[PDB]
Each structure stands twice: as C-alpha cells, then as structure tokens.
C-alpha cells in the first residue's frame, strides 16, 4: 500500500467515523514511555489491524493501536505500538500513519525515544531536546521519502532546517524550569542509526568526532514525514546510558537496562508532556 492521498484518506475516514475525535496533536512514545496513552480521557482504541491501509504488524507482534481522546483539554491521537524501520517496514508503511494524522487535523507531533548519549555532558536519565539530526539512512539512499513524491502532502525536496520547532523546544524547557528539573534537560543533535544492533564502541567514537550528541534507532523517519506535510515536531530523547563512557569502561549496552531507565523517568516524562500539551498554543 502506497502512502498516498487516496489511501491515507480512506484510513482517516474510518478513524473519523469510529472515534468522533478530531485531534490537533499527535504523539508517538518511546519504549516504556507510553503510559500517557493509558491516561487519555474519553478514549477510543482502534487496532491498526482494523484500519484500512494501515501497515501489517503481526510479524513483529505486540501492541498496535491508534488511541484518540483528550489530554489536558486538548484532542490528541497516539500511536500505541511504534513502527521502527529496523523491523523491515517500508517507507510507505512508516509514512502512512503520519499522513493519516495530517488528514485528521494534527498540527503538532510530540515524540519521545530512548537513546544512547554521546556528548560527555549526558548522564543516564537525562533528557535531550532534539534540535537537529544526522540521518545516516537518508545519506545512504534509505531516506523515508525515497520513492515517488506524494504532492498532496508536500514538496519533492523538503528543507529540514526547521524540522524541530524552536518554540516547542523553548516551551518544553520552560516547563522543566517551572518544575525544577531543568538540570536534567539538555539540547542536542540526534544521530539516526538504522539498527537494530546498538551503536558499536567505535561507531560511538566516530559520532563523537562528528558532533553528534545522542544516537538512536527511531524518530528521524517520523520527523521527516511530519516536516514534509507541515506538522511541527517536538522530539525528546531519554538518555539510557552514555555510550562513550561505557566504551571507556568496557560496560555493555542492554535493552533491559534501557527499559529500567525508562521506568525510572516514565512518570516525570508523562507529567512533563501532559503539561506541554495543556500549554500548546491554540493555533
């Protein structure tokens, strides 16, 4: 299924009928960081498998629902069960849900992820407001937009200079200051490693030399599809570990350790993003 105007429209038509929610904000949550979705009010849970033209996710298994409802007085749509490119999903499969969000009315997409810290200032449990990226798949002919352009959504050659909205980064930082956790909050450049192997020690050392502050396996594809169709983005990485320090100390990177950091910060991140949602401009 191509992520075109007709196919995205058919999915949005189904969702509009079944949900009766017109969302202004979209959310995609990192692993272990999805509990805000469980707290959506007046919520409507729509399995991906029920939505016309949504990507098939049964090979990977696990949860796959679109959840619509109200958070902090705003109407939102959430992806419960993120699609990651290391699973083998195509460019079309990644793009269609974001384009459906656009047709549903989403103007702002909020994204969280778990990432490795490269910059020396970053400790496990820190947050990084993403201000730019290095898209290794994109440089390497695996950009999420490779393929025919879908003109109804955006231009053939998008500029990414404003992919990460500055005002949204400023609002996120302001809320952290108001709640006295700004000492945890940094800003930085995200390197997209296609994955699914963690960054090797020597890849981490290369990323250090190349300016990269954090590395992870997601986010950049969704950012690009959103930017292409005019959706503003705030993307926040939770630092699971400092990969440069771990390489210096012969310490392994491990998904169980990553998820334990997610559990440690999950409630703070939920509170933060709920307040961001309530504070977003009405326009």
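If you superpose the two forms and keep the largest set of C-alpha atoms that fall within 1.5 Å, you have the rigid core. Numbering follows the first chain given and starts at 1.
In 8 other deposited structures of this protein, superposed by the rigid core, the C-alpha atoms of 245 to 253 lie farther from the shown form than the other of 49 to 57 and 245 to 253. Here 17 to 25 and 265 to 273 are compared by their mean Cα B-factor, and 17 to 25 comes out higher.
Between 240 to 248 and 59 to 67, it is 59 to 67 that carries the larger average Cα temperature factor according to the deposited entry. By the numbers in the PDB entry, the CA B factor is greatest at 210 among 210, 163, 128, 101. Of the candidates 84, 133, 156, 174, it is 174 whose Cα B-factor is highest according to the PDB record. For residue 31, the recorded CA temperature factor ranks within the highest third of the chain's modelled residues.
Residue 222 sits in the lowest third of its chain by CA B factor, as recorded in the PDB entry.
Ranked by C-alpha B-factor against the other modelled residues of its chain, residue 167 falls in the highest third.
Split the chain's modelled residues into thirds by C-alpha temperature factor. Residue 280 is in the highest one. When the modelled residues of the chain are ordered by their C-alpha B factor, residue 93 lands in the lowest third.
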